[PDB]
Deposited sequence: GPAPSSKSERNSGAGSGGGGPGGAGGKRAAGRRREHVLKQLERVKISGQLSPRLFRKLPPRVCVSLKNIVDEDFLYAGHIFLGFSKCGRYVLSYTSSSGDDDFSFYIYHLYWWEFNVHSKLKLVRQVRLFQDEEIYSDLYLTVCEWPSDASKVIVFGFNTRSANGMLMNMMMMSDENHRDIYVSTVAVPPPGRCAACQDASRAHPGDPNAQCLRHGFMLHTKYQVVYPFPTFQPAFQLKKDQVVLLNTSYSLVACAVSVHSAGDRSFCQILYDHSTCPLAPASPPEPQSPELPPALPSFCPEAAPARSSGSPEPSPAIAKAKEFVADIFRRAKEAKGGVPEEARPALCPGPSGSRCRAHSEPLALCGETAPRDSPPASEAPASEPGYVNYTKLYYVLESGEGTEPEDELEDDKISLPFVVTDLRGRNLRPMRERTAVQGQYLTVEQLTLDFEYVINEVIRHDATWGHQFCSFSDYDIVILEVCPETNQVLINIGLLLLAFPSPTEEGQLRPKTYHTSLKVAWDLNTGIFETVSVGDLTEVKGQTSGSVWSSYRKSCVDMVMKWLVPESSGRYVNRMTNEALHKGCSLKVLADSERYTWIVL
């Protein structure tokens, strides 16, 4: 049984309790056809609409132009103006991953930080990496590698502010872009954890976990360093005039300056945690079976929790290793292959990591090695789901995806705070 809308409105008058959580069972208030709000229609390119922003003012979309001649793709991001029944008005056009040769079509995802609305992050990856050969039909793929493209773009300003236009363009129109390769077992994509802390992004590059913070500051000198208040750390400054990042406004690289600059400056911070060093340390100092250990073959890192208040990162380390069996002699004690897990808390402030839990050694009696990672990842999903606590609305990581060009179904673009749908 569903109550009538006027009955709910009547109750608000006498109770003083009005909330979206109360009106959740209520159907959408307004749903506009995309065709009715889009302009200069006809066959108007290949606009793949992503969805509303958290503020509900902007609607994003992207285009993937191939250029059928070889072929290298170009990815463009757009920002539109929602005015209910009125036509969409374009407010920003940006080229993504500048000076990058994209062979295969990328599965891209646009994200927003929980409370930092000044910028958006765009992840992009291909099924397999482009090889170094060619087999008539195409360049072909490398079955052992995958490409990861990460880019951070600034959101258009709400209005006004420092209008120092030296004739167009302004203060916060920066772009950052990076690219790294990953090996098997290809790291999992965890956008809700990777962006749980504002202005930061946790990146798994198989060999290490990188915490990247990007921030802009003005005349005053109160807020300094998000990450790291030893292990490798880098902090660089940029003014207009280890994961390799090349910055830009809307053109090319801005002038990389130092601390003595006055006006407006951007800061890029990177704190890295070497997996192999962590694995070796935990086994050497905290493992009860450390004496039997010989060498580890492979590892798979999964994030369990991110605490943005205490700046702590909880990771699970799935490990394939080789060790001697228990000291009991029943014959030949030839070493065996075992699978286990290591849980470590990474303190972003201090940089020190602490051991939380050390698993036992489970014997791999001829498993497909693929099943080992499939089983280990199921236990991570089991753990996260088990300890899942509902968070506050407006504190969530808005993940936007439209897998329209990848043999995929998107029909509605919802703004569940204003009860608005964009029926595609």
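Visitor: Unmodelled stretches of the deposited sequence, numbered from 1?
Guide: Gaps vs deposited seq, in order: 1-32, 102, 201-210, 273-386, 399-417, 585.
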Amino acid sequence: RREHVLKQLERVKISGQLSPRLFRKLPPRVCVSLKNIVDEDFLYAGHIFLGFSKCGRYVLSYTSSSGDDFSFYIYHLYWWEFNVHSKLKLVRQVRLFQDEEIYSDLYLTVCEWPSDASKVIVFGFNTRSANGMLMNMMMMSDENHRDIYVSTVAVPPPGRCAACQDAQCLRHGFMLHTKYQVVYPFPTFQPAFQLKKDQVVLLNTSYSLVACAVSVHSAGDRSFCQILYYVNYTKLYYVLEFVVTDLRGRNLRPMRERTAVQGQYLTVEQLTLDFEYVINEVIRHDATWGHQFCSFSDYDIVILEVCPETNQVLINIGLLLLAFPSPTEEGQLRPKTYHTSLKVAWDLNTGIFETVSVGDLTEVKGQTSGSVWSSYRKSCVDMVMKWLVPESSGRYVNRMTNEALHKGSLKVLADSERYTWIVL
From here on, numbers count along this sequence of modelled residues.
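Visitor: Higher mean Cα B-factor in the deposited model: 380-388 or 45-53?
Guide: 45-53 has the higher mean C-alpha B-factor.
Visitor: Mind pulling up the entry and telling me whether 212-220 or 316-324 has the higher mean Cα temperature factor?
Guide: Averaged over C-alpha atoms, the B-factors run higher in 212-220.
Visitor: Just grab whichever of 242, 113, 338, 184 has the top CA B-factor as deposited.
Guide: Answer, based on the entry's C-alpha B-factors: 242.
Visitor: Which is it among 107, 353, 72, 193: the one with the largest CA B-factor in the entry?
Guide: Top of the list by C-alpha B-factor: 72.
Visitor: Mind checking which third residue 290 falls in for C-alpha B-factor across the chain?
Guide: It falls in the middle third of the chain.
Visitor: Once the chain's modelled residues are ordered by C-alpha B factor and cut into thirds, is residue 33 in the lowest, middle or highest one?
Guide: Answer is middle: the recorded C-alpha B-factor places it there.
Visitor: Against its chain's modelled residues, does residue 82's Cα B factor rank lowest, middle or highest third?
Guide: Residue 82: CA B-factor falls in the middle third of its chain.
Visitor: Taking the entry's C-alpha B-factors for this chain, is residue 26 in the lowest, middle or highest third?
Guide: Its C-alpha B-factor, which the entry lists for residue 26, ranks in the highest third among residues of this chain.
Visitor: Please say which third, lowest, middle or highest, residue 410 falls into when its CA temperature factor is compared across its chain.
Guide: For residue 410, whose C-alpha B-factor we compare with every modelled residue in the chain, the answer is the highest third.
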